Every structure is written in structure tokens, then in C-alpha cells.
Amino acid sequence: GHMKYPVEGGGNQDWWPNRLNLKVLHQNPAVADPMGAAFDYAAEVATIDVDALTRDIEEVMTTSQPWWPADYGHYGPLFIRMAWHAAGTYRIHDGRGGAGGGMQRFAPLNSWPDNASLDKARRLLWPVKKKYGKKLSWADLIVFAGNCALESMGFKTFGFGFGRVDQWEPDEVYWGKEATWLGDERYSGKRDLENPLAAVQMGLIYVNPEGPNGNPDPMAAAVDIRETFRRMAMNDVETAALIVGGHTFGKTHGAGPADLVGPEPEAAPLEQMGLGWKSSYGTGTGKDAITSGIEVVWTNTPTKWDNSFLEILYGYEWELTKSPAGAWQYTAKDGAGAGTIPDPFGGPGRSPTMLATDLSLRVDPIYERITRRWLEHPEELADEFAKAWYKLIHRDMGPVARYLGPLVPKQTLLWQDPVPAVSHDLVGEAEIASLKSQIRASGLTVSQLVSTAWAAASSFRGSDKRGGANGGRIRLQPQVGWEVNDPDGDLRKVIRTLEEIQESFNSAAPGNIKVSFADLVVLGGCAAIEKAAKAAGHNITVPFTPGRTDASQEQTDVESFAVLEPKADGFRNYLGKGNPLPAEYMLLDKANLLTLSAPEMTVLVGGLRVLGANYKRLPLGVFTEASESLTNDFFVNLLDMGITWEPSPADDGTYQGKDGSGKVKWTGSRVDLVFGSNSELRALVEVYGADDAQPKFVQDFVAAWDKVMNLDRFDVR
């Protein structure tokens, strides 16, 4: 296996195939962003005429282009699938995927077999992107196209928020271990899906339209649908509503032999201008179009919202049959309803058809009773579908503060992990300063304070922008019993103490100024850091931005927050069972979810060790003589060639480091020692380990600490 020039993908991974890849800590570099550092997309979208935009999208939807002719003269349904697939890569195990970065226009998603024909779909929208320019991201435009198509065709959606900022480089995400398109190496037992995957095969959105592994058993397919949709945050009602609403519109495309469909866009030749799946069957487009291979028109009104889907589904009995491309699909028994389903280009009427996965909605007991109801109550269908469609298209949006434009309903939605609004006034400097002092007198150790503060804010993941310290959800279930949060010890005692100063400041409130318990957690860790820095000769002040609000168990979907629990957090030297990769890979992964740079992770790890942030106050990595002092000691001692490291006898994944006398002087995890072993981390360590580095380490530690405290704070930026 030969080596390639860098410009062809060659590099150090070819020589050391499973080495730590720090490039996950500089995804989307700024060198590669064509917009200024000063580019402010929020400011840009504020200026967008949404009616004009909707109109222009309306014109695109009904102007057929010769190079991909519009089914029934309306691109609407294509655009809805496009939007549904854009959002449809989301997964709750890491919150990756989804439509929020517009990743569908980049590798690999732009070439997934399930995203076939969406190269022409996105391409049709260029006249729009061309007219609105920097005021409209592709990311906004792709889902807003779907939303408009829904409206254009008779369905009133719940609303839309703009604000997805375009990126310039594909998000690097694990979609599975299979090196084959459509491959399946992800299951175990009886249909246990490999975490963190939410699809049944490589390059599928959710499930196989011909049933699992091509076996068109609607009862079996429902097992997959239920499971994959639940990993994309949709329960049974949401799932059934979404499918019915989706397949109320448009058509599948499978007019001929699929071996006449050329390479996917990333592999296609240059003259195809980013498009792929060029096809030699017929005209290759329109009446001859091939996409999935299936040939199904679910309803007789493919460009109108009505209840056809559930009437056809229940009004006929279903025979297994074959598309013109050898794909399993269902059609009506007894030749019933001949010629009732209209042809996309004026040809003869056809018979009713369904997908294997559509019949699941009628065969599976839980789905059957949900959809039978909607057969006699379409207003309920229309309602649960709007709520679910809105949720689908905004899952990765983050806190509601991020939603932009004139189309965001004010209504509270529990799935957004809602936070009460700032009601009273906000603590100013004098007040802030005071409360640092009381917190310092609380009797809470720097270890207690810092570790609790880190526990709240570090709950944030930049993938879907959930979690974080706003909400005060650390004192609520489930966060309060998380083994990493070690409720066992002082989580309660710190919670209980910290609410006391909430009251004491509030019960003796000067006027209208109040403090949330969510803020005291963050102010606590802040003030402790100030203390531990003065203990080390440095008088400094840690920034603190108020405005967080408390929140009740009632506004905290316990099972939704389950997925935000760390199975590992190197910054506290915690490693639970079940992790997919050694502890140093989980370190980097956690830092990527925290939006941290490689230098930021480094200074954070070093700082937190010497402060006591370790899970169960363990000594691993605590390379300092001093107690609760803010030194660069961790870096200095890591570089001390006087220490010899050897794996612990007990196979803990612990190491001992001995001095000259052979006495054990230090212990550490793999997480600790990777900074001395990895050639690129040790470079950073050596920056912060030098004689002239103590003030810079502190300065950089604070700025990165303040960065984690502020991760979820879109209300103030």
C-alpha cells in the first residue's frame, strides 16, 4: 500500500494508523473561511425580507429546469425530502449530524446513496442563494426550502428560525466502521444498534425502505424505524406523524436498471460540476429518473396536503411486488384502484403502491393504533406533524436565543431544554464581588467549587449545542446522580450550601436584584480560581457573566438528558465502562464537543489537576506539591526527566513514576501521560512548562476556563 503526496491525502496516519488525530481540535479553521473575521451572520439575516425569499423559493419550486424536470411541475416534494435528509443525520448519542451546519453539501453526505438526486435538489436552489448572498446561509436555505414547500402545498407549519451559519470544510463524523456503501457491520444480538449510530446501514438516513437487510417484513421494519427514529429524538407519535406527513407528497424514482446510474458526486468527473449519479437509462431524468430504485407514488395528490396517505394505506390490502428495478415494494391486492394515482408527466394513471416501511405503520400494533386514529382525525395528524417537523428541523439549533427572524413562535417547547427568562435585575460588580467572598467563606474547598462549576458547564456539547451551565440543571435529575458528578460525596453538600447563599443574598435582597442558583455554581468555580491563584502569588480576577436562570425538574426531560452524561471526562480524570476508544481518544473527543482548541485542552487539563477537579479527588496526574494552588506544576513535572514511568503492577490503566531512589513519586492515567508522550501535546506542554510561563499559563487558563463557563450563553452574544 503506497504512500501519497499530502495533496492526495498522504500523511502521518499512513505510517501510524491509529495515532491520536489532533485535527479534530481545529475543525473549520479560520484560514479557510472566505468571510471576514468580522462577518456577523445574525446581523446579516436580520435584514432579510422573508416574504420576498418565500416568493422566490416559490418561483423555483414551480419553474422546471431542463436538466432535472419537476415531477408534477412542482419541486416541493423533492425539497421536503432534501430538508428531511439534511436534518435526518442527527443522533442523540453525540448530537452530531442534523441540518445545523448544512453539512449535506460536503463529503461524505453529499454522496451518501440515500442522498442520491439531492445534488440536483441543492443545485436548483442556487438562483436563490445567488440573490440573497451573505444574508442567507445554505444551511438555513435547505431546511427553509422544505418548510416553504410544505406551505406551498397546503400545510401550515408551526414556524421557522433562521441562524444556521455555513461552514467551509466537512464536519468529520464517525458514521460507522464499514468500508462499503450500504454495508452492515453495526448490529449484535437481536437488533442491538452500535452506538452512536442512528442508521441501519452505512450511508442510510434511518432504515432500509425494503425492510431490514432487504427483507420486506413490515413488522420487522417497524423494529428498525422505532429504534433509529428514537436515536434521532422522535417517539412513536412523532415518528408516525413524520412518515405520514412526508409521504403525503411526491414520489420515489426507480424507472430502470440501477447499474445505469453513474458514480456518486465525490467520484464523478469534473465536467459534471458537482453533480453525480448521472444515468444512461432513457433521458436519465424526469420520466426516466432513478434514485432509490423503488417506484412508488403513495397518494393521488402528490402536490397537495390531504389525508390520502392514510386512506390508501387503510383502504386497500397489500401485495408484495417488484419495482422496474428489482426492488421490493407493496401494491394493492385485487387490481383495486386501477389508474387512480397520477403520473408525474401526464402518462396514464397507475395503481396504489406503498413502501415496506409504509406498511409498518399499519402492521405494527403501536403505530397501527396511532395512525388508525388519524384516519378519522386528520386535524390531529396535521398537528403532531407540525410539532414534529418543527422539532426535526431545529433539533440542533441550541438554546432558543439562537433562533432568528420573524417566524419563531414564542411558545415554550420542552425538547428545547427551556430556561426561565431573566425576570429580576442582574447582579452588578459590587454584588458579584460580595458573593465571591461569601462563597469563599462557605467552607467549600477549591476542589469542591471548581469541580462543581466544571460539572455544570462541561455538560455542553457543541455538536447540537445542548447542555451547559445555564438552567442550574446540576441540582436536578438526572445530572445530580451522574457517576461522573459523583453525587455520592459533596455534590449535595455543595448544592445545599450554595442555595443557602442564594437565599441569604436574596432574602436580604437590596431591591430587585436576584441571583440564580445556576449563576452561583459558575461564580463559585470562578472565585475559587481567584483564591487558588492568590495562593500562588498571582492576584487576578476571573471574568463572570451573569444572566443564567434556574429551572425545574418539570422543565427537564429526564430521559432526554440521559444522552448528555459523560461515559468519560479526562478533564476530571474519569473513565467509565463502555467507551469505544482508549482514554486518550475520549479526551480529544470530549475536547471537541467542548469546542476547545488543542492549546485550550492542554492548559485546562493542567489547571484542573492542580485544583482538585479530579473525580473522587484522585491523585492521578496531580503533579504538584501544593494544595489548591494555581501553578503550571503539572507541565513542569511532566517534563522532569528525573522521573521514570512504568505501568502500574495492578493493570489499572494506572502508571507509577519513580524518582532516583525508586520510590513512587507520581501516579497518572493514560490521559495524564499522553501529554508527555504525544509529540504534538508535549510541544504544548513545553510551552507551559518553561521558567517564563507561569503568568501566561494562568492568563490562558482563565480565558479557556471562562470559555467553558460561557459555552451555552447565546442569550448574551
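Position 1 is the first residue in the sequence shown; the rest follow in order. Take the two forms, superpose them, and find the largest set of C-alpha atoms that agree within 1.5 Å; that set is the rigid core.
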Query raised in the report: Once the rigid core is matched, which of the two stretches, 663-671 or 39-47, lies farther off on average in 4 other deposited structures of this protein by C-alpha?
Result: 39-47
Report summary line: Per-stretch CA RMS vs shown form in 4 other deposited structures of this protein, rigid core as reference, larger of 184-192/224-232 is 184-192
Report summary line: Assert higher mean C-alpha B factor (187-195 or 208-216, deposited values) equals 187-195
Query raised in the report: Which of the two stretches, 85-93 or 547-555, shows the higher mean Cα temperature factor in the record?
Result: 547-555
Report summary line: When the entry's CA B-factors for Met273, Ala241, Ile432, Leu404 are compared, the highest one belongs to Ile432
Query raised in the report: Out of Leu136, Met397, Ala149, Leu639, which one has a C-alpha B factor higher than all the others in the entry?
Result: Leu639
Query raised in the report: Should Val45 be placed in the lowest, middle or highest third of its chain by the C-alpha B factor in the entry?
Result: lowest
Requested in this report: Sort the modelled residues of this chain by their C-alpha B factor and say whether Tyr688 lands in the lowest, middle or highest third.
Outcome: middle
Query raised in the report: In terms of the chain's CA B-factor thirds, is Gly576 lowest, middle or highest?
Result: highest
Query raised in the report: For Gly472, does the deposited CA B-factor place it in the lowest, middle or highest third of the chain?
Result: highest
Report summary line: Among the modelled residues of its chain, the C-alpha B-factor of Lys707 falls in the third labelled lowest
